[PDB]
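[1] So I've got this experimental structure, pasted below with the sequence.
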Amino acid sequence: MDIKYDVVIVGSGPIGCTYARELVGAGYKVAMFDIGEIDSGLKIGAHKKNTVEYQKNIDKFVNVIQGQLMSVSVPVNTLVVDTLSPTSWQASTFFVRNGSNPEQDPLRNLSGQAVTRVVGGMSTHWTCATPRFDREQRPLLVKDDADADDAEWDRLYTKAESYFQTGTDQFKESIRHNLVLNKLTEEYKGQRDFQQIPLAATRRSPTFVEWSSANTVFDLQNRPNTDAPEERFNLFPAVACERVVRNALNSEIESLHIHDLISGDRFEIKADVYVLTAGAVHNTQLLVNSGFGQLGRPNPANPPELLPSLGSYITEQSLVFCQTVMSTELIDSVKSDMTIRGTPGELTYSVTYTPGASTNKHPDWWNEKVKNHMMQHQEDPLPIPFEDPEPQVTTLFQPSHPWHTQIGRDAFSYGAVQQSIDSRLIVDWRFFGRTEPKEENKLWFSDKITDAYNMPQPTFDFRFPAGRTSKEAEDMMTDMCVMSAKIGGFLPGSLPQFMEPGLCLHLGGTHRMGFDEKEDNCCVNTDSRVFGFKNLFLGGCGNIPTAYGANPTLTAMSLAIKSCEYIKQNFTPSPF
Amino acid sequence: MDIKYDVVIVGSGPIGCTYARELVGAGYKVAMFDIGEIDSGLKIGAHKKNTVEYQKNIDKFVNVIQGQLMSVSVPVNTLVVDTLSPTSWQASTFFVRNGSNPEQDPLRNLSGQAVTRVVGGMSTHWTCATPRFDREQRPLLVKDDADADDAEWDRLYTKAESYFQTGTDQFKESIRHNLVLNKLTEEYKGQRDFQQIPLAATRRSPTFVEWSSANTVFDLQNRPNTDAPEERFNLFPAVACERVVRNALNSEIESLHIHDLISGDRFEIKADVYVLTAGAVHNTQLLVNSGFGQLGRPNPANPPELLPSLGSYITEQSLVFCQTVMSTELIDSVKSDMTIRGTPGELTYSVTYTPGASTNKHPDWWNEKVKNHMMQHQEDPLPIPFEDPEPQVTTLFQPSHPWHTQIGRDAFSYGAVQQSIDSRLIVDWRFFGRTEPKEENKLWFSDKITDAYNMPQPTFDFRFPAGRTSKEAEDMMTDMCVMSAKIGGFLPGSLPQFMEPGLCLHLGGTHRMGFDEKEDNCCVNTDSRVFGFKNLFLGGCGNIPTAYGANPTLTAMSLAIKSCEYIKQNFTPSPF
Amino acid sequence: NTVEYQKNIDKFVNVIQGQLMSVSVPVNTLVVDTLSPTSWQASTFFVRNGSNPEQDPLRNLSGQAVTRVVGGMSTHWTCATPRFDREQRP
Amino acid sequence: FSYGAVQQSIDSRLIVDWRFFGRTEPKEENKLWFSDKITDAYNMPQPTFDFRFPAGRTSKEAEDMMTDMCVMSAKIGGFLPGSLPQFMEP
Ligand SMILES: *Cc1cc2c(cc1C)Nc1c([nH]c(=O)[nH]c1=O)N2C[C@H](O)[C@H](O)[C@H](O)COP(=O)(O)OP(=O)(O)OC[C@H]1O[C@@H](n2cnc3c(N)ncnc32)[C@H](O)[C@@H]1O
Ligand SMILES: *Cc1cc2c(cc1C)Nc1c([nH]c(=O)[nH]c1=O)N2C[C@H](O)[C@H](O)[C@H](O)COP(=O)(O)OP(=O)(O)OC[C@H]1O[C@@H](n2cnc3c(N)ncnc32)[C@H](O)[C@@H]1O
Ligand SMILES: *Cc1cc2c(cc1C)Nc1c([nH]c(=O)[nH]c1=O)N2C[C@H](O)[C@H](O)[C@H](O)COP(=O)(O)OP(=O)(O)OC[C@H]1O[C@@H](n2cnc3c(N)ncnc32)[C@H](O)[C@@H]1O
Ligand SMILES: OC[C@H]1O[C@@H](O)[C@H](F)[C@@H](O)[C@H]1O
Ligand SMILES: OC[C@H]1O[C@@H](O)[C@H](F)[C@@H](O)[C@H]1O
Ligand SMILES: OC[C@H]1O[C@@H](O)[C@H](F)[C@@H](O)[C@H]1O
Ligand SMILES: OC[C@H]1O[C@H](O)[C@H](F)[C@@H](O)[C@H]1O
Ligand SMILES: OC[C@H]1O[C@H](O)[C@H](F)[C@@H](O)[C@H]1O
């Protein structure tokens, strides 16, 4: 470690790695710090799902996700346990216990909010869904010229998709995928369009997908090295970034205070450029601990002087979930082209089809798979082949249905995964609502209470706003019930429900972007530069100032690419 | 990869790494294959608990364990779900679904048996408890000379303890530890002795412990390298070892068939010496797939000709569990030396003690911690300091109490971890019973059904034997109820219970050791050599032929050290 | 119709459940394998606890129940008495 | 006749129950029969059902009816956790 770099990056998630990719590549001397540690294998920051073992046992991966989602703010617990032995010690009050945050109103929380501290951030376990936002969900990057704005976003999203290896063809030969997609597209037709979920992933074989991650964006190997002898990069894991140091004028950052969590030593690191990509909660925390905004419970009688919108206007999405069991209609449809005679398991049983009958509903490759499976596995009553991939189906957000949808199988199962129903029958439904930004919806940091890293404790003051946001959330639940029923009935144990607020982990608006600090009530401009500072940039979903339903990361990445263009335009690398 | 090594090792767990440590160190050309992948960070095969983040959030680590425990044999599920929508497809029978093994009698199973396929094996997530076995639990290594047997085991265990960095002093300054230990030792006195659990671990600070693993034994870095320029070792992850190839006479192994799970290619590797350390289930599987023992449902009318005891006499331990909530007696005892005046939170409140009163029950360092905590945290009603380490207490197996005990806090929590009761009050109790080896208790491999790696499906035919084993298991449950009550009453949600058979993951006896193949009904001799073979060795708990209650790994390691002495005595390394 | 039930209507569910006796219960096949090793266990899912061995569990009306008390089920019914329109009516 | 545990956290004045009842096509194959071997608690032939909801109109309407209750209920409020939309035991 040196005390001087060209660029310092706080966070090794996929947005920090967008900045590394762009800037290491442009010749800057870059250091990247992460509070978490390398724990994905020799491909640093890679997706934990990419082992042979997880892809042969995908039901286990939920546990890996749960193992690295550490709750942001837990209220004081008030459950009465009165079946204790009379000899057992019991307090006479519900006192502050077990890491609970006494500041947190339990009824104004995002209880499902969690953070991940590992090299690669949440991209080590994410679903890899990377939809574009349509105009309605998307911040403006050019004002008063919609066609130039569209052009700019197209160029940026195209680049982000290339970084993440986004595609829409990885599941095209799945029977289950097709079954679900084809049905939905017929029943709306074509008042809504359905497609494969855009996924940051490359299929390597019929049974293995290489899911993308931070590592796909930037490999996180120190440089110079043999592949990149004229580049300069260092990754420092297990280093808590605590404070950026402001000048008097609030026009420049003059250093970064860091804490080596192994040795315990503290240092101060100097950079020409400072990029905070610590996630939506933790960027905010680091800024509040550095004197931006206000520490402590918000107090209107003494509003913050520096970035007063920081931590206000926060957005998190409503999320509804169920699972379904495939209808008899759809299961029978799989084998609709077959002539089936006799009874499974007996001498006379056969299943045949005629390749190329124009009468066939399905093409030959489908009927071949189905025939083979039915004849070779007469003990099995379903016509779906055993290793058939899951559906990965969406109808994207539109004005008439202003929610994102993901229909398929998600590794992040909620609750006990029941084993009685055959998994080929099971389809997951997740619908994500957009949330209006509102000044009263805040993330703030205690002046008394600290987290496990001795940093000010995060506290939410949040409710879904009462008008359009809440109306749409309920409409969205209805929509998922109506849409799901086209495929099948609900799976007991996975009935339609709202998930805990913030379990969707799409928190935005915490350090939000706009044109004008005061008029747009925002913290960073369209280059992701903090207002008034020459050399401080924020990357991540916390920049998104709009009400959005789609998964935000591709949009956050796009904003980062644009930020890096600004840096390349205004800062000169040091000589090698 | 070469097609020729001096020694090939199948498995990178702590027993394979014992063989690597001994033999790489002795100058052999070693290759090690593991079916699983590197996923613990840059320290290959290291304990996953050793991140700063897990040790600040230890309640999350249960999920990491659950994420890599893949069930051995799951029976066909027969639960009736009859609240499905009438449109949903339903079969008319409980058919073979969702990876279930149709061979497995659900009532003769070890349902909690699981395997871990990752570099470092189960040592990437284990509790690190490494007790010695006393004579009563321990196989004989010398016959008819008890003092020479004791000497041999002492030397071997001392070496194994040095490899694992076993100690008994890591928790000596915990208030909770002391509270529990001191109470139990008074109440039995001294008809039973209590001590700290021997743990393979080194404390680095008051809040961080470096837990040992396979990596502690052998660092698993390829050699030659800068630290070890004259050593030769290669680790090949994601390589399924499928078969060892026997000569006609069954006197030598002539190669190892391997399957590269990334490329899909198959190869055959030649070694002077072959060591199978794939765990108790999977060593057996590999052997049955190579023509040892018998494939298919056991058939007494056609007993196996080659190693007929392989897969018979299997042992797994009964495990009882509860948690308790610390008694008022014991909580009051913590502060027994304090003079406490007024009421917490008010101006007059104070807590004082007199250092060195001979009347004090506790020494000054205890009273200091307690006083400071009480005065500095008057909102907290407990006298235990917030970062106080957990107890780690045992009374080892003895004739009058023939079970192992671990009393403390274990990361591998069973069930939902309730948050209402303060965690400083909570103590876990696990008691482990010894199981009589019995011919009828088998692990066998289907001739029809295969696992996820296309290898014969493991199937258990197991019941706890009806006489002494079952009698002791129930006595052991009673013992834990009686002993636990000295500390506190049971925690609702963690009432005393037997865990699922095989959840303790101490399976032994699958390829068991003895002096004489026929007379001792065994598979390997005291050098861990397979009877009749010159060049095949088996390492692991599957060698242990006795009824044991203590955690077996240190004993398995000891047997491996002795095996490696035999190899060093009989095989010459190739020139460098 | 007691004063007490109408002041505590949440308790009345228990009165209903107390007189709904299941018509046909299939043989139970749930595996309970956390029994003490000393406890007696059969080696099959045998006919137990009033189960009907004739009943295919997957072709059942598991929630069917009968009430044997003077007044029959009208001693606990909801008292909803709609007419059928032509379409539903013999 | 509440189904399941009656949660006490939500004020009861807020809570509204929804029950929707579907019509079932009569079908010869749907039977109630009586064992010639097994008897009930009164020594009378044991009742046994051989019943499935018929696969065409009955099942189609049942699922439509579930959708209807979800759409209609949402006019009043959102679902109560623990009482999510479900089919009851047949
Ligand atoms: C956990 C999760 C996440 C997503 C979905 C699934 C699940 C279960 N799936 C999903 C997501 N997003 C999508 O667009 N589509 C998908 O299908 N998920 C969210 C996505 O995963 C996040 O939006 C994305 O990673 C955010 O990227 P980031 O802004 O780079 O932030 P990260 O949280 O990934 O990484 C931040 C990083 O910084 C560190 N850190 C935090 N504090 C500090 C301090 N003080 N000093 C130094 N470093 C710090 C972290 O440890 C972390 O690695
Ligand atoms: C999971 C667990 C394990 C233990 C306890 C806690 C928990 C939750 N705690 C405990 C244990 N043992 C103790 O003595 N004290 C403790 O406090 N646990 C058990 C211990 O962890 C095991 O006994 C030990 O690792 C066994 O060592 P091993 O004999 O080296 O076996 P492993 O299972 O660790 O590693 C084997 C290895 O081989 C691989 N493999 C399997 N099949 C193949 C094939 N066919 N080809 C190639 N490689 C193969 C694995 O992937 C694995 O890494
Ligand atoms: C239990 C239930 C019932 C109804 C609803 C609510 C609940 C929880 N609410 C409901 C009902 N019906 C409606 O139209 N609207 C409502 O809102 N329920 C059903 C209604 O309760 C029944 O349809 C009605 O009682 C049937 O009347 P019934 O045909 O007279 O039959 P019962 O079952 O009431 O009484 C029969 C009776 O005969 C006896 N018995 C049976 N076997 C014998 C033999 N072998 N020998 C002599 N006597 C016998 C019984 O003991 C019983 O009293
Ligand atoms: O299974 C019931 C469903 O059947 C379908 O085939 C329809 F598309 C849905 O609208 C719904 O009527
Ligand atoms: O709390 C009840 C317990 O109290 C104790 O202090 C004893 F040691 C136990 O034997 C039991 O009597
Ligand atoms: O709360 C959402 C609901 O609001 C209502 O007032 C409507 F009547 C429903 O259709 C639905 O939109
Ligand atoms: O449960 C949370 C997740 O659900 C799905 O995987 C989404 F794709 C993620 O972005 C995230 O919201
Ligand atoms: O739950 C299984 C574990 O319990 C405890 O951690 C033991 F130490 C382990 O060896 C293992 O049995």
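    Yes, it's here. Residues are numbered from 1 along each chain as shown, chains lettered A, B, ... in the order given. Ligands and ions are numbered 1, 2, ... in the order given.
[2] same for the lengthiest strand in chain A, what does it pack against?
    Of all segments of type strand in chain A, defined using DSSP state E, the longest is strand A:266-276. Counting contacts by 3 or more Cβ pairs under 8 Å, 6 or more residues apart in numbering or on different chains; DSSP states H and E, the secondary-structure elements packed against strand A:266-276 are strand A:4-10, strand A:29-33, strand A:239-246, strand A:253-260, helix A:280-288, strand A:536-538. Backbone N, C-alpha and C define where each C-beta goes, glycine included.
[3] would you turn these into TSV with distance to residue C:6 and mean neighbour count?
    Converted to TSV, these look like this (distance: least, Cβ to Cβ, whole Å; neighbours: other Cβ atoms under 10 Å in any protein chain shown):
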stretch	distance to residue C:6	mean neighbour count
strand A:4-10	65	24
strand A:29-33	68	26
strand A:239-246	62	21
strand A:253-260	66	20
helix A:280-288	52	26
strand A:536-538	62	27
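[4] the helices in chain A, which residues?
    For chain A, helices defined by DSSP state H occupy the ranges A:14-25, A:52-56, A:61-67, A:146-164, A:175-188, A:214-217, A:280-288, A:328-334, A:364-376, A:468-484, A:553-570.
[5] between the helices and strands packed on strand A:266-276, which gets nearest to residue B:258?
    Each of these has some distance to residue B:258 by Cβ to Cβ; the shortest is strand A:29-33, at 38.1 Å.
[6] Name every strand pairing with the closest one and say which way it goes.
    The strands beside strand A:29-33 in its sheet (DSSP bridges) come out as strand A:4-10 (parallel), strand A:232-236 (parallel).
[7] Mind putting the ones you listed into TSV with distance to ligand 8?
    Conversion of the strands paired with strand A:29-33 to TSV gives the following (distance: least, Cβ to the nearest ligand atom, whole Å):
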stretch	distance to ligand 8
strand A:4-10	37
strand A:232-236	34
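[8] Could you point out which of those strands sits nearest residue B:17?
    The closest of the strands paired with strand A:29-33 to residue B:17 is strand A:232-236. By Cβ to Cβ, the value is 27.8 Å.
[9] Touching the closest one from outside, list them.
    The contact list for strand A:232-236 (Cβ atoms under 8 Å, 6 or more residues apart in numbering or on different chains) reads A:1, A:12, A:20, A:24, A:27-34, A:44, A:119, A:220-224, A:576.
[10] do the same with stretch A:343-358
    The contact list for stretch A:343-358 (Cβ under 8 Å, 6+ apart) reads A:335, A:337-342, A:360, A:364, A:367, A:371, A:374-375, A:378-379, A:381.
[11] Would you mark the buried spots in it?
    Buried residues in stretch A:343-358, defined by neighbour count with 16 or more other Cβ atoms under 10 Å in any protein chain shown: A:351, A:353.
[12] now swap in stretch A:170-181 and tell me
    A:170-171, A:174-181.
[13] Name the nearest residue to the residue in the stretch 401-550 of chain A that chain C sits nearest to, sequence neighbours excluded.
    Using Cβ to the nearest Cβ, the point where the stretch 401-550 of chain A gets nearest to chain C is residue A:420, with a distance of 11.0 Å. Beyond its immediate neighbours in the sequence, the residue positioned closest to residue A:420 (Cβ to Cβ, 6 or more residues apart in numbering or on different chains) is residue B:79, lying 4.3 Å away.
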